[PDB]
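Just one chain follows, in the form deposited in one PDB entry, and it is written as structure tokens.
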């Protein structure tokens, strides 16, 4: 049996996680859901609680904590440990019953639980790319300290890459380690992208797109922040750095390819030039499940891929002029040091501003660019604790700086 905790369970990733767990459990009793953890969504959390009956429930916010104890009372013969805040999260991460944790918390906030889960030697099914981007070499140092802890990528492209690998090679090393790509004989990564909703617009249309146009479409079924990031292709930008860190592939060996059918989720080119790819309908259940079953696979009753019915698959290069966030991400990755933290932090603010119609499309890249130009490289701390503090302060600094730049230009 596999004991699983779901962090951010009422969000997009967490809901998908619960679905695929539920559907698989109907075939064989594979998973136990031992913990749920959300931020405010007490009601939605309670409904999941009703059905899954986890031993642990937790809400980050204290203000909604009382309400949650009361709702839960309604459920008969169920008496769960009801916790709150960072404290509850640490209690969960350190339970001896929980084996694997799904981190579906959004933004830089997700780093906090990702680190405690590693410190506690857990398998971490990590959806939250903001954490790898902003805290890559820290998480690297944390994995070397806690040798049994593992990060298994849930981000669809990174799961796709991971599936295409020989696990006998993978087991010799692990995600986020130095030399991962050499052990696995990886030569190059094709990073697939939907292209987002703005893929066909001219530069002059781009100047005037609003947040509503970015959120509009039914094909983009995720949280509001990653939706916006898909529209600017900053999401792919962030996934380029995530690839660098998860697999230790050089930036010049990562190629972004727009594939609007979203069947081929990414491809790995090996040193012999043979390329391997993972394909399925655009669905996050596959990558979630794999991270929980890896290095094995289990039966699902998901719709099989009908290749004849999909019929056509297209590939083209993205326009760097229409999507300059991409180039910014490459520049920040290549620069190294804390430039990825700076990139991610300033994006968080520039993203939110566009979402709230406070800035225009091309301002996003304008803002992120000026913050990266302002940053001064710091020597990287040797001890984990000071590196952690260093990242927090640099992330906080960049948000502050983006807020200055924004305010100076409006």
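If you superpose the two forms and keep the largest set of C-alpha atoms that fall within 1.5 Å, you have the rigid core. Positions refer to the first chain, counted from 1.
* Do a third or more of the other compared entries leave residue 88 out of the model? -> No; none of the other entries leave residue 88 out.
* To do: Compare the other PDB entries of this protein and indicate whether residue 218 is left unmodelled in at least a third of them.
  => Affirmative; at least a third of those entries omit residue 218.
* Going by the average Cα B-factor in the PDB entry, point out whether 216 to 224 or 136 to 144 comes out higher. => The entry gives the higher C-alpha B-factor average to 216 to 224.
* Between 332 to 340 and 111 to 119, name whichever shows the higher mean Cα B factor according to the PDB entry. => 111 to 119 has the higher mean C-alpha B-factor.
* When the CA B-factors of 190, 245, 78, 180 are compared as recorded in the entry, which is the largest? -> By C-alpha B-factor in the record, 78 ranks first.
* Options 95, 285, 230, 184 - largest CA temperature factor per the record -> Of the candidates given, the C-alpha B-factor peaks at 95.
* Cα B factor band for residue 89 (lowest, middle or highest third within the chain) -> Tercile = highest for this residue's CA B-factor.
* Considering only modelled residues of the same chain, in which third does the CA B-factor of residue 200 rank: lowest, middle or highest? -> Residue 200: CA B-factor falls in the middle third of its chain.
* To do: Grab the CA temperature factor for residue 350 from the record and place it in the lowest, middle or highest third of its chain.
  => For residue 350, whose C-alpha B-factor we compare with every modelled residue in the chain, the answer is the middle third.
* Sort the modelled residues of this chain by their C-alpha B factor and say whether residue 368 lands in the lowest, middle or highest third. => For residue 368, whose C-alpha B-factor we compare with every modelled residue in the chain, the answer is the lowest third.
* Compared with the other modelled residues in the chain, in which third is the CA B-factor of residue 194? -> Lowest third, going by the recorded CA B-factors of the chain.
Beyond the structure shown, there is the form deposited in another entry, which is absent from this document and is the topic of what follows.
* Asked: Considering only 116, 339, 108, 180, which residue exhibits a C-alpha shift of no less than 2 Å between the shown form and the other one, with the rigid core used for superposition?
  -> Only 108 moves by 2 Å or more at its C-alpha.
* Which is it in that other deposited form for the CA atoms of residue 108 and residue 333, closer or farther than here, knowing they shift by 3 Å or more? -> Those two alpha carbons end up farther apart in that other deposited form.
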